[PDB]
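Quick note, the sequences are listed as chains F and D, same order. Okay, so the first sequence: first residue is 92 according to the authors' numbering, each after it adds one. Okay, so the second sequence: first residue is 171 according to the authors' numbering, each after it adds one.
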Amino acid sequence: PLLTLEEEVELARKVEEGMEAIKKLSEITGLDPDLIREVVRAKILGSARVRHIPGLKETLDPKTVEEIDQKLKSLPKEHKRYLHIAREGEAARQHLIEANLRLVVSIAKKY
Amino acid sequence: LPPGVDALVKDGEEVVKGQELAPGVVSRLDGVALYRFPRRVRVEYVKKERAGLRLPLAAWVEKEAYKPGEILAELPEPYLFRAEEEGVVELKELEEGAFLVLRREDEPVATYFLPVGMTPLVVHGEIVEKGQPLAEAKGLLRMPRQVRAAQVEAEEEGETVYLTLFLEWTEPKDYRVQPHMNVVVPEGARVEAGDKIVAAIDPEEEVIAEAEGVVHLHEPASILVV
DNA sequence: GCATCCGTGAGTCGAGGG
DNA sequence: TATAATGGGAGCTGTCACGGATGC
RNA sequence: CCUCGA
């Protein structure tokens, strides 16, 4: 179904704050922000899709995402807060795209 | 949820299929209901103060404390509660009952408590001298429902008794939530001075908690049954 | 057991015109 | 790179005999 | 595709 102003603004806010949370997880962990983003994304979507991302220096497979997710679960509560923020950001991003997929059709029908 | 009409169930509560969430909304499944964008946040700020009242000794009911709605005294004939200080009147009305604070210059010189069954005879800002009637008690006078009497001290003088009540109650304050804002505080959470309730785009439109209180969420934009 | 919808076949060689 | 924009559009049908799945 | 020839 279509997004109301409030639902839209909420999802966009969650996406923004989740990207900020990924940057903060890069600051704390010393890990690569892209690898962190890919692990959060991987766990959000499922084991159905984990593939090799072109830019990543490490092959993305369930073993490395499990190691990285366990390194991300081993941090203090106030440092574990950003993991939940990023997970919520990913899920909000997914639902935002899926809720706006009709606009693409309405624009592409003209080309 | 249509605009202006409120929820008939509370955030976080289990619900059964067919149970109405609102006058025009019937839930088709069972589970936990959740609030989607409450447009009005009501903060009940808690207040602990000390007030006083004088009553005929024949009317009084001796008690160490007074639960809400409990009878404070019973008056055979109309009684006139009279000012025992001089100053300007600050009339503070609750849902039922009142506070009456006399101030001279800046410092308050008196704090009186008019329970239910006591009609104030003064206006806000009125100038009163000593012995001037501030209220009329008639019949039975009882504690209001919103306010309770923690402790009672009493002093016998003449044919009257004077009560010093340690009162504890809460006062409401409503905040209208605009769509671009978001509530960062749960239902029934305790907040202090400076704590953030509702965030916003720009700092000047944020909702900060003035004093100590509890939070209540009303008029949600919609309700999500999971 | 007997109607019905889908798919696949239905001449060769020329010539020209494209 | 920022007003808002949120589910398509072309659509004539004059054959017939075969195997095979699909239904009553 | 069409038309034409055998």
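Note that the Cβ used here is the ideal one computed from N, Cα and C, for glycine as well.
Helix or strand or just coil, what does DSSP make of residue i?
i	result
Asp160 (chain F)	helix
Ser392 (chain D)	strand
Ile113 (chain F)	helix
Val100 (chain F)	helix
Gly383 (chain D)	strand
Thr340 (chain D)	strand
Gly301 (chain D)	coil
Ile367 (chain D)	strand
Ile144 (chain F)	coil
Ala182 (chain F)	helix
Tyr345 (chain D)	strand
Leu136 (chain F)	helix
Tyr173 (chain F)	helix
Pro172 (chain D)	coil
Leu291 (chain D)	coil
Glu296 (chain D)	coil
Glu265 (chain D)	coil
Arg274 (chain D)	coil
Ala307 (chain D)	strand
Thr330 (chain D)	strand
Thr281 (chain D)	strand
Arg128 (chain F)	helix
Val377 (chain D)	strand
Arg193 (chain F)	helix
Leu335 (chain D)	strand
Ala320 (chain D)	strand
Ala199 (chain F)	helix
Which residues in chain F sit within 7 Å of residue i, going by Cβ to Cβ distance?
i	result
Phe207 (chain D)	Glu97
As a quick exercise: from the options, pick the residue whose alpha carbon is nearest that of residue i.
i	options	result
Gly364 (chain D)	D:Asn352, D:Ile378, D:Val355	D:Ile378
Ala305 (chain D)	D:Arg209, D:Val259, D:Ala359, D:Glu389	D:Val259
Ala280 (chain D)	D:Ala320, D:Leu264, D:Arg252	D:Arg252
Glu263 (chain D)	D:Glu341, D:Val331, D:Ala369	D:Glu341
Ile371 (chain D)	D:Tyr345, D:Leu284, D:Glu240, D:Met351	D:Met351
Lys217 (chain D)	D:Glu389, D:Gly383, D:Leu394	D:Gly383
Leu333 (chain D)	D:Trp339, D:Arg210, D:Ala319	D:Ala319
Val213 (chain D)	D:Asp276, D:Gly358, D:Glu240, D:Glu234	D:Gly358
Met288 (chain D)	D:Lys308, D:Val271, D:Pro208, D:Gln302	D:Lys308
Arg274 (chain D)	D:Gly295, D:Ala268, D:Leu291	D:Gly295
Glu219 (chain D)	D:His388, D:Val355, D:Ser392, D:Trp339	D:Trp339
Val317 (chain D)	D:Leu261, D:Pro285, D:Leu227	D:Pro285
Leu261 (chain D)	D:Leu272, D:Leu225, D:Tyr205	D:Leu272
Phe207 (chain D)	D:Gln348, D:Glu380, D:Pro303	D:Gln348
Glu375 (chain D)	D:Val353, D:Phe269, D:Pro303, D:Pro193	D:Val353
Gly180 (chain F)	F:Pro92, F:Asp123, F:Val100	F:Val100
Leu174 (chain F)	F:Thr150, F:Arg104, F:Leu147, F:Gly109	F:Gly109
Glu325 (chain D)	D:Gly182, D:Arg224, D:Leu178, D:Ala192	D:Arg224
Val185 (chain D)	D:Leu178, D:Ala203, D:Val175	D:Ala203
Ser117 (chain F)	F:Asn191, F:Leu147, F:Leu163	F:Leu163
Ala177 (chain F)	F:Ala190, F:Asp160, F:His143	F:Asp160
Starting from residue i, find everything on chain D with Cβ-Cβ shorter than 8 Å and list it in chain order.
i	result
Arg104 (chain F)	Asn352
Quick one: is residue i buried, meaning 16 or more other Cβ sit within 10 Å of its Cβ, or exposed?
i	result
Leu136 (chain F)	exposed
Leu96 (chain F)	exposed
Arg132 (chain F)	buried
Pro173 (chain D)	exposed
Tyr282 (chain D)	buried
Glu158 (chain F)	exposed
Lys237 (chain D)	exposed
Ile113 (chain F)	buried
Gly267 (chain D)	buried
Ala235 (chain D)	exposed
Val231 (chain D)	exposed
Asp200 (chain D)	exposed
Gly121 (chain F)	exposed
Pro390 (chain D)	buried
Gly188 (chain D)	exposed
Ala139 (chain F)	exposed
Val195 (chain F)	exposed
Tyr202 (chain F)	exposed
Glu149 (chain F)	exposed
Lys134 (chain F)	buried
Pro290 (chain D)	buried
At 7 Å on the CB atoms, spell out the chain D contacts of residue i, in chain order.
i	result
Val100 (chain F)	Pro349, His350
At 8 Å on the CB atoms, spell out the chain F contacts of residue i, in chain order.
i	result
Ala391 (chain D)	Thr95, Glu97
Q: List in chain order: all unbroken alpha helix (DSSP H) runs of 4+ residues lying wholly within the segment 195-259 of chain D.
A: none
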